[PDB]
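Here the structure is laid out as structure tokens; the discussion comes afterwards.
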Amino acid sequence: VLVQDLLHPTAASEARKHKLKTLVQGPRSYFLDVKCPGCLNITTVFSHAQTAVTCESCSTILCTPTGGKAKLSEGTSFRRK
Amino acid sequence: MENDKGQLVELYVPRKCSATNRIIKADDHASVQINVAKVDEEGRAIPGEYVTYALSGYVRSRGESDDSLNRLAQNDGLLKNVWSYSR
Amino acid sequence: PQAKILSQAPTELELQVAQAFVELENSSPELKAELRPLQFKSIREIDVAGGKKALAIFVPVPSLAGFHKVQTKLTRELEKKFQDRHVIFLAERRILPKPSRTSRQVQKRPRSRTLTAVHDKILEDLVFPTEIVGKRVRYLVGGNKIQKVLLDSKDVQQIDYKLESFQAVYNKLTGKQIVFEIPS
Amino acid sequence: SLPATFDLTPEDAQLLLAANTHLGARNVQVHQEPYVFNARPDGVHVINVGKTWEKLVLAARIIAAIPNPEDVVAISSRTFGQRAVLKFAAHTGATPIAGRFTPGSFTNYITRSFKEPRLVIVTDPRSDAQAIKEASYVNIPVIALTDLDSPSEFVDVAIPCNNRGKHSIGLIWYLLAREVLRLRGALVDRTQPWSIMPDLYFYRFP
Amino acid sequence: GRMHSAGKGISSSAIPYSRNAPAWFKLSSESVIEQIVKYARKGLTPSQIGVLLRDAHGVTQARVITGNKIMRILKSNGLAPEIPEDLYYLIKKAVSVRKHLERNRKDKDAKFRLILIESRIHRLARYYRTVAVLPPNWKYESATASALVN
Amino acid sequence: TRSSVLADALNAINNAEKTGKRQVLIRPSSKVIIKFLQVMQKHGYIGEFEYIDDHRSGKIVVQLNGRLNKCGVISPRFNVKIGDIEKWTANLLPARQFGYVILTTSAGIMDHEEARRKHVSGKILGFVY
RNA sequence: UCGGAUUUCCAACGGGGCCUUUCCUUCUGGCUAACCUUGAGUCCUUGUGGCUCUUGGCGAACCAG
């Protein structure tokens with residue numbers, strides 16, 4: 001620990017540190033394109049959605065807020081960003 | 001230290017450490033001087049030709065002299081694939 | 001209409017670029033529909049240490065997004081025509097001087113009208129369309145600034161052959177030295 | 001400053017895998033996580049045996065650096081290490097201290113246990129802790145055979161092995177012994193395996 | 001950290017290094033500004049509006065996609081409320097605790113917490129009264145709070 | 001709360017030199033800190049170092065060689081005149097031979113011997129030897 | 001050179017005026033010099049060369065309000 005690099009940390013060890021406490025701070029979250037089968041429609045949902053993101057047409061709750069991440073509904077396609 | 005005549009006026013130049021570059025003093029008995037033997041093409045040690053290292057009593061006492069000597073050896077090409085500069 | 005797309009100041013290479021520009025308008029029904037009102041201000045020709053030279057196209061500010069719709073194909077076509085000239089788009093951002101202690105009444109100068117903001121906009125546009133993901137300024141032991149700038153991994157190859165030209169541009173416009181890097 | 005002659009041998013690698021030298025400790029300290037390869041799901045870590053080999057190479061270099069072969073001292077209060085150290089020093093020319101370390105053996109210039117080493121080699125830095133603390137007063141380098149939770153106070157070059165299994169201990173002393181002798185010149189060819197088996201350094205009981 | 005208490009709690013949002021717009025986001029600036037105006041005429045606060053824009057509509061940050069924040073846009077439309085949101089919620093919480101103290105006369109803990117909340121109100125109100133976003137005639141009072149919340 | 005930043009910076013530099021390390025991570029950064037470290041780097045109490053941007057206020061990674069004995073700040077930034085330097089260099093330095101009390105003059109921030117040579121004065125930040 | 005003297009070169013050390021998108025801005029009246037109109041003369045390689053005036057302007061300085 002005498003001579004090491006802090007400019008270029010190893011990406012695995014840098015992956016475990018807290019969000020605020022990295023080399024350059026930045027979020028650990030992401031977005032999703034989800035599709036309910038009852039509409040075949042892309043809805044964009046944040047991974048930590050604090051409100052119940054309901055689909056556009058149908059009254060189907062695509063995700064529920066529980067602590068950190070939002071629990072997706074059963075039977076829902078998704079993909080990141 | 002010299003005089004105005006430009007001649008040196010000290011008793012001895014101290015040995016400095018190599019891990020932390022600080023002065024190894026005249027009574028640091030927890031410090032250590034390391035000799036590593038220069039090898040031949042056959043893998044025989046040259047008897048009177050060494051590469052030397054200085055690892056001070058603070059360095060050695062703190063529990064760092066292994067890692068620091070690994071660093072110094074791999075940077076001087078005596079190790080390879082041991083000391084990683086990124087952790 | 002090479003003097004129409006120029007602005008009240010003809011120059012030889014400017015007439016060449018504007019003539020080739022009207023020719024690129026003529027080879028397209030929809031690129032002409034965008035590029036015909038899109039004028040530009042001026043040019044700078046500056047040589048690189050790799051044998052060729054580079055052209056900083058000084059473009060006005062409020063049309064630059066319309067260029068950013070089309071600068072990919074336009075830099076492609078202008079690297080087709082004028083060979084060994086690396087095509088660069090730089091905007092015209094007039095800086096304001098910093099007021100001294102004896103500084104007669106001037107309005108509150110915007111942050112965008114400062115020196116460093118204009119240099120940052122320069123570095124934003126020099127590596128268009130990719131994004132700078134980080135700047136790390138290295139101070140040497142002899143006190144020599146070398147600005148390390150990091151680049152993305154989406155649009156490497158469009159810029160990867162233009163790197164030393166960008167170094168020459170930045171060391172000419174302000175004298176500060178710069179190193180690009182693409183992290184792993 | 002090393003030829004490719006010094007590189008890791010398939011035979012030696014088979015030996016080191018057979019002795020469970022790779023099976024590291026459960027808990028790992030801060031200063032030896034460079035030596036860890038990975039953690040198995042049962043909680044046992046894996047020691048980079050290539051790093052281990054090159055650490056033995058550098059330790060053998062250091063042992064070769066002492067001119068008179070008597071100032072090298074091997075140390076063991078470990079039971080299996082007693083056998084290993086005795087046969088090591090037999091094949092080496094170094095002097096052994098098996099069993100209980102007499103305090104004041106490196107200080108106290110009067111007594112009969114007074115020895116003046118220029119190198120101390122340690123099987124377990126936890127079991128031979130007082131020998132480390134004694135070497136920390138009279139300027140002696142310390143080579144240790146550290147497992148992944150072994151304390152690294154006052155140590156120089158430290159070799160990551162398993163101090164639990166006796167095969168690991170005997171084989172580590174075995175390989176260090178042969179590599180030192182190959183570096184000396186009594187084992188002129190490098191292609192030659194050391195003819196004495198590693199069973200001479202392993203510990204027995206009737 | 002944490003005036004009127006003792007915690008050293010750090011729990012916040014990060015902000016990404018990228019200043020400019022997201023790559024995958026493909027809507028118009030006027031579209032999301034009109035969405036902001038729509039939710040504002042619905043009657044929401046800018047915190048709620050930012051939450052609904054990143055949950056449902058994938059609008060990450062208002063100052064990323066547009067050049068203005070939500071409060072600049074509602075100020076530009078004549079939809080800013082008479083007091084900012086945080087002072088409003090502090091007066092709302094103080095009115096709640098005040099009503100609770102009017103019911104139960106023995107909760108010394110509610111009295112202590114009410115004193116803390118009123119301290120926070122007075123400090124934040126000095127801040128808003130300094131920067132002229134609040135008239136210097138304005139003063140937090142008890143029946144004044146009952147008028148402003150109810 | 002965090003009131004001085006150069007003080008915290010030299011605190012971290014001095015602690016890491018006491019432990020014998022090689023690098024530090026300073027958060028935040030300042031123009032004053034950069035100029036101070038340039039003054040250090042000119043005589044070479046440190047090697048090279050590096051700014052890091054995060055759009056907020058930068059971080060600094062410093063390589064420190066072995067040469068720093070102790071650096072520190074004088075936290076009320078005292079007004080000093082020209083002969084007053086001979087007071088502070090009699091207080092803080094370990095000898096008349098070396099060490100640099102550093103001043104903040106209207107012609108920039110620099111060590112006291114340059115302000116002898118430039119014949120200026122100002123306020124005082126800290127001491128390096 | 002009859003103990004100090006000042007050129008050339010050399011590090012240095014501070015400093016001033018500039019140029020790089022940029023440092024004191026003007027209006028109205030008087031004072032020098034320089035570019036231009038106009039014709040004239042004293043010098044030297046034949047001169048719109050150098051030195052000097054003739055009415056009207058522009059630039060860089062000197063002063064007042």
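Residue numbering restarts at 1 in every chain; chains get A, B, ... in the order shown in the structure tokens, and ligands count up from 1 in that same order.
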Excluding same-chain residues fewer than 3 positions from segment 51-53 of chain C, what lies within 9 Å of it counting only C-alpha atoms (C1' of nucleotides), as a CSV table (one decimal) with N, CA and C atoms, in the first residue's frame?
```csv
chain,number,residue,atom,x,y,z
C,45,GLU,N,-5.8,27.6,-42.1
C,45,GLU,CA,-5.0,26.6,-42.5
C,45,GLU,C,-3.8,26.5,-41.6
C,46,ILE,N,-3.5,25.3,-41.0
C,46,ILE,CA,-2.4,25.1,-40.1
C,46,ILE,C,-1.8,23.7,-40.4
C,47,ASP,N,-0.5,23.6,-40.5
C,47,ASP,CA,0.2,22.4,-40.9
C,47,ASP,C,0.4,21.5,-39.7
C,48,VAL,N,0.5,20.2,-39.9
C,48,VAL,CA,0.8,19.2,-38.9
C,48,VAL,C,2.2,18.7,-39.1
C,83,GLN,N,-7.8,16.7,-50.4
C,83,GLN,CA,-7.0,15.7,-49.8
C,83,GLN,C,-5.9,16.3,-48.9
C,84,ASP,N,-5.5,15.6,-47.9
C,84,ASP,CA,-4.4,16.0,-47.0
C,84,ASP,C,-4.8,17.3,-46.2
C,85,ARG,N,-6.0,17.6,-46.1
C,85,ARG,CA,-6.5,18.7,-45.2
C,85,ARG,C,-7.5,18.0,-44.3
C,86,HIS,N,-7.2,17.9,-43.0
C,86,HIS,CA,-8.1,17.4,-42.0
C,86,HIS,C,-9.1,18.5,-41.7
C,165,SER,N,-3.2,16.1,-35.5
C,165,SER,CA,-3.8,17.3,-36.1
C,165,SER,C,-4.5,18.1,-35.0
```
Enumerate the residues of chain F with a DSSP assignment of strand (DSSP E), computed from the backbone, and present them as an NGL selection string.
:F and (23-26 or 49-52 or 59-63 or 71-73 or 100-105 or 108-111 or 122-128)
Taking only residues of segment 21-64 of chain F that have an atom at most 12 Å from an atom of segment 20-38 of chain A, what is each one's shortest atom pair and its distance in Å to one decimal, using only C-alpha atoms, in chain and number order, as CSV?
```
residue,atom,partner,partner_atom,distance
F:25,CA,A:23,CA,9.4
F:26,CA,A:23,CA,11.2
F:27,CA,A:23,CA,10.5
F:28,CA,A:24,CA,11.9
F:51,CA,A:24,CA,11.9
F:52,CA,A:24,CA,8.3
F:53,CA,A:24,CA,7.9
F:54,CA,A:24,CA,5.9
F:55,CA,A:24,CA,9.6
F:56,CA,A:25,CA,10.2
F:57,CA,A:24,CA,11.0
F:58,CA,A:24,CA,9.4
F:59,CA,A:23,CA,8.7
F:60,CA,A:23,CA,10.5
F:61,CA,A:23,CA,10.5
```
Once you count only C-alpha atoms, what closest atom pair and distance in Å to one decimal does each residue of chain C within 10 Å of chain A have, with rows by chain and rising residue number, as JSON lines?
```
{"residue": "C:134", "atom": "CA", "partner": "A:24", "partner_atom": "CA", "distance": 9.2}
{"residue": "C:136", "atom": "CA", "partner": "A:7", "partner_atom": "CA", "distance": 9.3}
{"residue": "C:183", "atom": "CA", "partner": "A:8", "partner_atom": "CA", "distance": 9.8}
```
Smallest atom-to-atom distance to chain F: which of C:172, C:154, C:98, C:135, using only C-alpha atoms?
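The answer is C:135, which sits nearest to chain F.
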Should the cut-off be 9 Å, what would the residue list for chain C against chain E look like, counting only C-alpha atoms, as a PyMOL selection string?
chain C and resi 131-134
Deliver the residues from the most recent selection as a file, using N, CA, C and O atoms, as a CSV table (one decimal), in the first residue's frame.
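Okay, this is what ended up in selection26.csv:
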```csv
chain,number,residue,atom,x,y,z
C,131,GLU,N,-17.6,12.1,-27.2
C,131,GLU,CA,-17.7,12.9,-26.0
C,131,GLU,C,-16.4,12.7,-25.2
C,131,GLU,O,-15.9,11.5,-25.1
C,132,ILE,N,-15.8,13.8,-24.7
C,132,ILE,CA,-14.7,13.7,-23.7
C,132,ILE,C,-15.3,13.2,-22.4
C,132,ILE,O,-16.2,13.8,-21.8
C,133,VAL,N,-14.8,12.0,-22.0
C,133,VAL,CA,-15.3,11.4,-20.7
C,133,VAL,C,-14.5,11.8,-19.5
C,133,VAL,O,-14.8,11.5,-18.4
C,134,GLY,N,-13.4,12.7,-19.7
C,134,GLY,CA,-12.7,13.1,-18.6
C,134,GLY,C,-11.4,13.9,-19.0
C,134,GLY,O,-10.8,13.7,-20.0
```
Can you work out which residues from chain B touch chain D at a cut-off of 6 Å (counting only C-alpha atoms) and hand them back as a VMD selection string?
chain B and resid 29 to 30 32 35 to 37 43 to 45 60 to 61 63 65 to 66 77 to 78 82
Just to be explicit: take each residue in the selection above, keep C-alpha atoms, and write the result as an mmCIF file, in the first residue's frame.
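And here is the file that came out, result03.cif:
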```
data_model
loop_
_atom_site.group_PDB
_atom_site.id
_atom_site.type_symbol
_atom_site.label_atom_id
_atom_site.label_comp_id
_atom_site.auth_asym_id
_atom_site.auth_seq_id
_atom_site.Cartn_x
_atom_site.Cartn_y
_atom_site.Cartn_z
ATOM 1 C CA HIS B 29 19.121 -1.928 14.186
ATOM 2 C CA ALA B 30 15.658 -2.865 12.918
ATOM 3 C CA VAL B 32 18.160 -4.201 6.945
ATOM 4 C CA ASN B 35 22.111 -8.405 -1.207
ATOM 5 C CA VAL B 36 20.654 -10.202 -4.228
ATOM 6 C CA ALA B 37 23.165 -12.222 -6.218
ATOM 7 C CA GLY B 43 22.285 -19.760 -13.397
ATOM 8 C CA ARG B 44 25.310 -19.503 -11.120
ATOM 9 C CA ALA B 45 25.647 -16.608 -8.708
ATOM 10 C CA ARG B 60 10.436 -3.262 8.029
ATOM 11 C CA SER B 61 8.703 -2.763 11.379
ATOM 12 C CA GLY B 63 5.049 -4.793 7.917
ATOM 13 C CA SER B 65 9.305 -4.703 3.563
ATOM 14 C CA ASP B 66 8.079 -7.757 1.641
ATOM 15 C CA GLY B 77 13.783 -6.820 -13.263
ATOM 16 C CA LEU B 78 14.384 -9.464 -10.609
ATOM 17 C CA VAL B 82 4.189 -10.173 -8.864
#
```
Residues at most 12 Å from residue 63 of chain G, counting only C-alpha atoms (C1' of nucleotides), excluding those fewer than 5 positions away in the same chain, as a VMD selection string?
chain G and resid 29 to 32
Residue selection dump (N, CA and C atoms (P, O5', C5', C4', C3', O3' and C1' of nucleotides)) as a PDB file, in the first residue's frame:
```
ATOM      1  P     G G  29     -13.645  72.981 -32.281  1.00  0.00           P
ATOM      2  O5'   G G  29     -12.971  74.198 -31.507  1.00  0.00           O
ATOM      3  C5'   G G  29     -11.672  74.642 -31.860  1.00  0.00           C
ATOM      4  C4'   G G  29     -10.954  75.264 -30.690  1.00  0.00           C
ATOM      5  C3'   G G  29      -9.445  75.358 -30.832  1.00  0.00           C
ATOM      6  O3'   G G  29      -9.043  76.479 -31.595  1.00  0.00           O
ATOM      7  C1'   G G  29      -9.982  74.469 -28.710  1.00  0.00           C
ATOM      8  P     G G  30      -7.729  76.395 -32.511  1.00  0.00           P
ATOM      9  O5'   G G  30      -6.680  77.317 -31.748  1.00  0.00           O
ATOM     10  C5'   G G  30      -5.289  77.148 -31.952  1.00  0.00           C
ATOM     11  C4'   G G  30      -4.539  77.139 -30.645  1.00  0.00           C
ATOM     12  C3'   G G  30      -3.155  76.514 -30.687  1.00  0.00           C
ATOM     13  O3'   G G  30      -2.165  77.396 -31.188  1.00  0.00           O
ATOM     14  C1'   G G  30      -4.340  75.682 -28.816  1.00  0.00           C
ATOM     15  P     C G  31      -0.985  76.843 -32.127  1.00  0.00           P
ATOM     16  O5'   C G  31      -0.182  75.838 -31.189  1.00  0.00           O
ATOM     17  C5'   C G  31       0.687  76.321 -30.176  1.00  0.00           C
ATOM     18  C4'   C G  31       1.679  75.265 -29.759  1.00  0.00           C
ATOM     19  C3'   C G  31       2.353  74.514 -30.895  1.00  0.00           C
ATOM     20  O3'   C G  31       3.438  75.227 -31.460  1.00  0.00           O
ATOM     21  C1'   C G  31       1.604  72.975 -29.258  1.00  0.00           C
ATOM     22  P     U G  32       4.083  74.739 -32.846  1.00  0.00           P
ATOM     23  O5'   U G  32       5.298  73.813 -32.395  1.00  0.00           O
ATOM     24  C5'   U G  32       6.014  73.036 -33.343  1.00  0.00           C
ATOM     25  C4'   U G  32       6.578  71.788 -32.717  1.00  0.00           C
ATOM     26  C3'   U G  32       6.947  70.674 -33.682  1.00  0.00           C
ATOM     27  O3'   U G  32       8.189  70.870 -34.332  1.00  0.00           O
ATOM     28  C1'   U G  32       5.687  69.772 -31.908  1.00  0.00           C
TER      29        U G  32
END
```
So that I can check the surroundings of residue 74 of chain A, please list as a ChimeraX atom specification every protein, DNA and RNA residue that reaches within 10 Å of it, counting only C-alpha atoms (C1' of nucleotides) and ignoring chain neighbours fewer than 4 positions away.
/A:36,61-63
Selected residues written out with C-alpha atoms, as a PDB file, in the first residue's frame:
```
ATOM      1  CA  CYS A  36     -45.779  -5.319 -21.522  1.00  0.00           C
ATOM      2  CA  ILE A  61     -48.373  -1.486 -12.940  1.00  0.00           C
ATOM      3  CA  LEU A  62     -45.072  -2.192 -14.674  1.00  0.00           C
ATOM      4  CA  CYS A  63     -42.976  -1.666 -11.528  1.00  0.00           C
TER       5      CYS A  63
END
```
Proximal residues of chain B relative to chain A (only C-alpha atoms; 10 Å) as a PDB file with N, CA, C and O atoms, in the first residue's frame:
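And here's part_18.pdb as it stands now:
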```pdb
ATOM      1  N   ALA B  19      12.852   2.205   0.340  1.00  0.00           N
ATOM      2  CA  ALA B  19      11.400   2.162   0.255  1.00  0.00           C
ATOM      3  C   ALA B  19      10.786   3.531   0.496  1.00  0.00           C
ATOM      4  O   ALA B  19       9.811   3.901  -0.161  1.00  0.00           O
ATOM      5  N   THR B  20      11.343   4.294   1.434  1.00  0.00           N
ATOM      6  CA  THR B  20      10.810   5.602   1.774  1.00  0.00           C
ATOM      7  C   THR B  20      11.817   6.726   1.635  1.00  0.00           C
ATOM      8  O   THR B  20      11.488   7.862   1.986  1.00  0.00           O
ATOM      9  N   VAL B  59      10.134   0.964   7.849  1.00  0.00           N
ATOM     10  CA  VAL B  59       9.580   0.187   6.742  1.00  0.00           C
ATOM     11  C   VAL B  59       9.394  -1.259   7.155  1.00  0.00           C
ATOM     12  O   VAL B  59       8.311  -1.835   7.019  1.00  0.00           O
ATOM     13  N   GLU B  64       5.889  -3.976   5.821  1.00  0.00           N
ATOM     14  CA  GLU B  64       5.799  -3.532   4.442  1.00  0.00           C
ATOM     15  C   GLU B  64       6.997  -3.950   3.617  1.00  0.00           C
ATOM     16  O   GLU B  64       6.985  -3.743   2.400  1.00  0.00           O
ATOM     17  N   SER B  65       8.030  -4.514   4.238  1.00  0.00           N
ATOM     18  CA  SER B  65       9.305  -4.703   3.563  1.00  0.00           C
ATOM     19  C   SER B  65       9.224  -5.782   2.495  1.00  0.00           C
ATOM     20  O   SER B  65       9.958  -5.720   1.502  1.00  0.00           O
ATOM     21  N   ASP B  67       6.413  -6.409   0.483  1.00  0.00           N
ATOM     22  CA  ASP B  67       5.767  -5.793  -0.673  1.00  0.00           C
ATOM     23  C   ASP B  67       6.675  -4.769  -1.340  1.00  0.00           C
ATOM     24  O   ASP B  67       6.776  -4.714  -2.573  1.00  0.00           O
ATOM     25  N   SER B  68       7.350  -3.955  -0.531  1.00  0.00           N
ATOM     26  CA  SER B  68       8.239  -2.938  -1.069  1.00  0.00           C
ATOM     27  C   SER B  68       9.451  -3.553  -1.750  1.00  0.00           C
ATOM     28  O   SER B  68       9.907  -3.042  -2.779  1.00  0.00           O
ATOM     29  N   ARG B  71       8.309  -4.764  -5.088  1.00  0.00           N
ATOM     30  CA  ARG B  71       8.255  -3.627  -6.002  1.00  0.00           C
ATOM     31  C   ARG B  71       9.636  -3.269  -6.528  1.00  0.00           C
ATOM     32  O   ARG B  71       9.822  -3.085  -7.737  1.00  0.00           O
ATOM     33  N   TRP B  83       4.384  -7.796  -8.438  1.00  0.00           N
ATOM     34  CA  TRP B  83       3.941  -6.499  -7.952  1.00  0.00           C
ATOM     35  C   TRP B  83       3.124  -5.795  -9.022  1.00  0.00           C
ATOM     36  O   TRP B  83       3.652  -5.441 -10.081  1.00  0.00           O
ATOM     37  N   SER B  84       1.842  -5.586  -8.746  1.00  0.00           N
ATOM     38  CA  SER B  84       0.966  -4.815  -9.617  1.00  0.00           C
ATOM     39  C   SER B  84       0.855  -3.393  -9.092  1.00  0.00           C
ATOM     40  O   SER B  84       0.536  -3.184  -7.917  1.00  0.00           O
ATOM     41  N   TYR B  85       1.089  -2.419  -9.969  1.00  0.00           N
ATOM     42  CA  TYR B  85       1.054  -1.020  -9.565  1.00  0.00           C
ATOM     43  C   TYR B  85      -0.365  -0.513  -9.349  1.00  0.00           C
ATOM     44  O   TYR B  85      -0.555   0.485  -8.649  1.00  0.00           O
ATOM     45  N   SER B  86      -1.364  -1.185  -9.901  1.00  0.00           N
ATOM     46  CA  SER B  86      -2.757  -0.843  -9.664  1.00  0.00           C
ATOM     47  C   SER B  86      -3.375  -1.884  -8.749  1.00  0.00           C
ATOM     48  O   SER B  86      -3.212  -3.087  -8.974  1.00  0.00           O
ATOM     49  N   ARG B  87      -4.071  -1.422  -7.717  1.00  0.00           N
ATOM     50  CA  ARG B  87      -4.812  -2.312  -6.839  1.00  0.00           C
ATOM     51  C   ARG B  87      -6.204  -1.755  -6.608  1.00  0.00           C
ATOM     52  O   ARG B  87      -6.353  -0.635  -6.126  1.00  0.00           O
TER      53      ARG B  87
END
```
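Using only C-alpha atoms, the chain C residues found within 12 Å of chain F amount to residues 120, 132, 133, 134, 135, 136, 137, 138, 139, 140, 141, 142, 143, 144, 145, 146, 147, 148, 149 and 150 of chain C.
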Taking N, CA, C and O atoms for each residue, export the selection above as a PDB file, in the first residue's frame.
```pdb
ATOM      1  N   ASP C 120     -12.872  25.318 -23.423  1.00  0.00           N
ATOM      2  CA  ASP C 120     -13.584  24.067 -23.193  1.00  0.00           C
ATOM      3  C   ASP C 120     -14.570  23.769 -24.314  1.00  0.00           C
ATOM      4  O   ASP C 120     -14.746  22.608 -24.696  1.00  0.00           O
ATOM      5  N   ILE C 132     -15.795  13.772 -24.708  1.00  0.00           N
ATOM      6  CA  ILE C 132     -14.722  13.690 -23.728  1.00  0.00           C
ATOM      7  C   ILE C 132     -15.304  13.162 -22.426  1.00  0.00           C
ATOM      8  O   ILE C 132     -16.216  13.764 -21.849  1.00  0.00           O
ATOM      9  N   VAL C 133     -14.773  12.036 -21.953  1.00  0.00           N
ATOM     10  CA  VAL C 133     -15.268  11.413 -20.736  1.00  0.00           C
ATOM     11  C   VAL C 133     -14.470  11.848 -19.514  1.00  0.00           C
ATOM     12  O   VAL C 133     -14.815  11.483 -18.382  1.00  0.00           O
ATOM     13  N   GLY C 134     -13.438  12.663 -19.702  1.00  0.00           N
ATOM     14  CA  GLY C 134     -12.658  13.131 -18.578  1.00  0.00           C
ATOM     15  C   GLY C 134     -11.430  13.922 -18.967  1.00  0.00           C
ATOM     16  O   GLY C 134     -10.809  13.676 -20.006  1.00  0.00           O
ATOM     17  N   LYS C 135     -11.079  14.899 -18.141  1.00  0.00           N
ATOM     18  CA  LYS C 135      -9.857  15.663 -18.314  1.00  0.00           C
ATOM     19  C   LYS C 135      -9.017  15.547 -17.055  1.00  0.00           C
ATOM     20  O   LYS C 135      -9.510  15.753 -15.943  1.00  0.00           O
ATOM     21  N   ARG C 136      -7.747  15.210 -17.241  1.00  0.00           N
ATOM     22  CA  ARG C 136      -6.782  15.079 -16.159  1.00  0.00           C
ATOM     23  C   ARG C 136      -5.565  15.901 -16.535  1.00  0.00           C
ATOM     24  O   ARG C 136      -4.908  15.615 -17.538  1.00  0.00           O
ATOM     25  N   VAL C 137      -5.266  16.923 -15.755  1.00  0.00           N
ATOM     26  CA  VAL C 137      -4.194  17.839 -16.108  1.00  0.00           C
ATOM     27  C   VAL C 137      -2.935  17.398 -15.375  1.00  0.00           C
ATOM     28  O   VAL C 137      -2.923  17.321 -14.142  1.00  0.00           O
ATOM     29  N   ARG C 138      -1.878  17.098 -16.123  1.00  0.00           N
ATOM     30  CA  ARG C 138      -0.630  16.619 -15.553  1.00  0.00           C
ATOM     31  C   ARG C 138       0.366  17.766 -15.466  1.00  0.00           C
ATOM     32  O   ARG C 138       0.653  18.430 -16.470  1.00  0.00           O
ATOM     33  N   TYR C 139       0.892  17.992 -14.269  1.00  0.00           N
ATOM     34  CA  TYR C 139       1.880  19.031 -14.021  1.00  0.00           C
ATOM     35  C   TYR C 139       3.236  18.372 -13.876  1.00  0.00           C
ATOM     36  O   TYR C 139       3.445  17.579 -12.955  1.00  0.00           O
ATOM     37  N   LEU C 140       4.152  18.707 -14.775  1.00  0.00           N
ATOM     38  CA  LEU C 140       5.468  18.099 -14.755  1.00  0.00           C
ATOM     39  C   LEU C 140       6.313  18.670 -13.623  1.00  0.00           C
ATOM     40  O   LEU C 140       5.930  19.621 -12.935  1.00  0.00           O
ATOM     41  N   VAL C 141       7.484  18.058 -13.434  1.00  0.00           N
ATOM     42  CA  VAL C 141       8.384  18.458 -12.361  1.00  0.00           C
ATOM     43  C   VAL C 141       8.991  19.820 -12.664  1.00  0.00           C
ATOM     44  O   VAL C 141       9.188  20.641 -11.758  1.00  0.00           O
ATOM     45  N   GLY C 142       9.226  20.114 -13.935  1.00  0.00           N
ATOM     46  CA  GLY C 142       9.655  21.430 -14.349  1.00  0.00           C
ATOM     47  C   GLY C 142       8.533  22.425 -14.538  1.00  0.00           C
ATOM     48  O   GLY C 142       8.777  23.530 -15.031  1.00  0.00           O
ATOM     49  N   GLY C 143       7.306  22.068 -14.161  1.00  0.00           N
ATOM     50  CA  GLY C 143       6.181  22.975 -14.258  1.00  0.00           C
ATOM     51  C   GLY C 143       5.714  23.197 -15.678  1.00  0.00           C
ATOM     52  O   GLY C 143       5.741  24.323 -16.181  1.00  0.00           O
ATOM     53  N   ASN C 144       5.281  22.127 -16.338  1.00  0.00           N
ATOM     54  CA  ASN C 144       4.845  22.186 -17.726  1.00  0.00           C
ATOM     55  C   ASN C 144       3.503  21.482 -17.826  1.00  0.00           C
ATOM     56  O   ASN C 144       3.424  20.266 -17.625  1.00  0.00           O
ATOM     57  N   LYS C 145       2.458  22.243 -18.135  1.00  0.00           N
ATOM     58  CA  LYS C 145       1.117  21.682 -18.190  1.00  0.00           C
ATOM     59  C   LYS C 145       0.971  20.782 -19.408  1.00  0.00           C
ATOM     60  O   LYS C 145       1.273  21.188 -20.533  1.00  0.00           O
ATOM     61  N   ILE C 146       0.516  19.555 -19.185  1.00  0.00           N
ATOM     62  CA  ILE C 146       0.131  18.664 -20.265  1.00  0.00           C
ATOM     63  C   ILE C 146      -1.271  18.181 -19.947  1.00  0.00           C
ATOM     64  O   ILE C 146      -1.476  17.440 -18.980  1.00  0.00           O
ATOM     65  N   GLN C 147      -2.239  18.622 -20.729  1.00  0.00           N
ATOM     66  CA  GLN C 147      -3.633  18.313 -20.451  1.00  0.00           C
ATOM     67  C   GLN C 147      -3.973  16.977 -21.097  1.00  0.00           C
ATOM     68  O   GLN C 147      -4.013  16.868 -22.324  1.00  0.00           O
ATOM     69  N   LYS C 148      -4.153  15.942 -20.285  1.00  0.00           N
ATOM     70  CA  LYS C 148      -4.621  14.664 -20.787  1.00  0.00           C
ATOM     71  C   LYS C 148      -6.136  14.692 -20.922  1.00  0.00           C
ATOM     72  O   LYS C 148      -6.849  15.067 -19.988  1.00  0.00           O
ATOM     73  N   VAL C 149      -6.622  14.317 -22.099  1.00  0.00           N
ATOM     74  CA  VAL C 149      -8.044  14.297 -22.412  1.00  0.00           C
ATOM     75  C   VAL C 149      -8.421  12.885 -22.836  1.00  0.00           C
ATOM     76  O   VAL C 149      -7.750  12.286 -23.683  1.00  0.00           O
ATOM     77  N   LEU C 150      -9.501  12.360 -22.263  1.00  0.00           N
ATOM     78  CA  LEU C 150      -9.911  10.988 -22.498  1.00  0.00           C
ATOM     79  C   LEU C 150     -11.084  10.959 -23.466  1.00  0.00           C
ATOM     80  O   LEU C 150     -11.907  11.878 -23.496  1.00  0.00           O
TER      81      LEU C 150
END
```
